[PDB]
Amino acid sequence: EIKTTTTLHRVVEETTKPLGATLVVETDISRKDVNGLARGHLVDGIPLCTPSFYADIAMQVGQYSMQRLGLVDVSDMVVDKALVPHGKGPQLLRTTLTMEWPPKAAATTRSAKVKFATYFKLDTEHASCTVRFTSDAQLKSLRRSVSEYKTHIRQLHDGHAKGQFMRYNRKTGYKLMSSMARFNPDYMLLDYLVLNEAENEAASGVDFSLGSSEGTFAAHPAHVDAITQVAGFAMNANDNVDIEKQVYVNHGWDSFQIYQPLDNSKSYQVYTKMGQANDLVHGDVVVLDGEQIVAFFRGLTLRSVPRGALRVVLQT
């Protein structure tokens, strides 16, 4: 029996069969405990749900599906269409998980397809991902790289201390981005960020104590979004990116794994080196707690879009 949370409200349909199974859950993003959280960013006055909102639900339905048959990877995340939480009556986000398997091999299953769509009935298809019941091989490799990530972080701080790189305090960083997007205060968790613009390379302290995070989640959408904001800032805070004309927006990612809880009283270190500018850039994002590996995005992908075209799409 799957547990309901702030971001997963009820089971719509659940069906187990010979060559597969379906699980459909529903979240009313207008419900009072979640509607504030569902409004992660505001672009041209229009609220937007963040990809981390889907990722939280994906982790929940993946963890449940796995246990009914131990890391869940939220992989192949593709965000296709904006979700605008209007807060004017029910707004039903349905998450459909499907699995396939050959006879008597249900227990071997290591992935499931997940789709996110709003309904009234069908409203919009928003996003999709593949949850993977994955090995700890990546975690083991990341643990061997900790000293290397730490050295990259130390080198960024050394360069700032010599006047080489920019260091943004929290409020100044969000001010720099404010003509592009204004954040829900509960999402404004970047305490500082050191940016080497030449390599789109950033080290950031993210402090989850800086916001309110009441509810139950698998991975708090504000905590996970704050991790991806480091990569977004590294791109859009470059002196040669004119955010009046072109901006790097979320596109999705290849892989996302969490190895330790994202604790609302703690601060974490985040490091990324995003690739150089088709219209896509990608890179990895690691999250540390001192010497411990906390989480990792592999192939986080951002897309360069015209600022005005973004505005027209959202307003329509």
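Residue numbers run from 1 along the displayed sequence.
Counting the unmodelled positions of the deposited sequence between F120 and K121 gives a small gap of 1 to 3 residues. The modelled chain breaks between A277 and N278, where 1 to 3 residues of the deposited sequence lack coordinates.
Per the PDB record, of the two stretches 169-177 and 94-102, 94-102 carries the greater mean B-factor over its C-alpha atoms. Averaged over CA atoms, B-factors in the entry run higher in 59-67 than in the other of 285-293 and 59-67.
Per the deposited coordinates, the residue with the largest Cα temperature factor out of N236, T228, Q164, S75 is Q164. When the Cα B-factors of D158, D242, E201, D207 are read from the PDB record, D158 comes out highest.
Ranked within its chain, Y149 lands in the highest third, by CA B factor from the PDB record.
When the CA B factors of the chain's modelled residues are split into thirds, the value for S304 lands in the middle one. Looking at the C-alpha B-factors along this chain, the one for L193 belongs to the lowest third.
Sort the modelled residues of the chain by CA B factor and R132 lands in the lowest third. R143 sits in the highest third of its chain by CA B factor, as recorded in the PDB entry.
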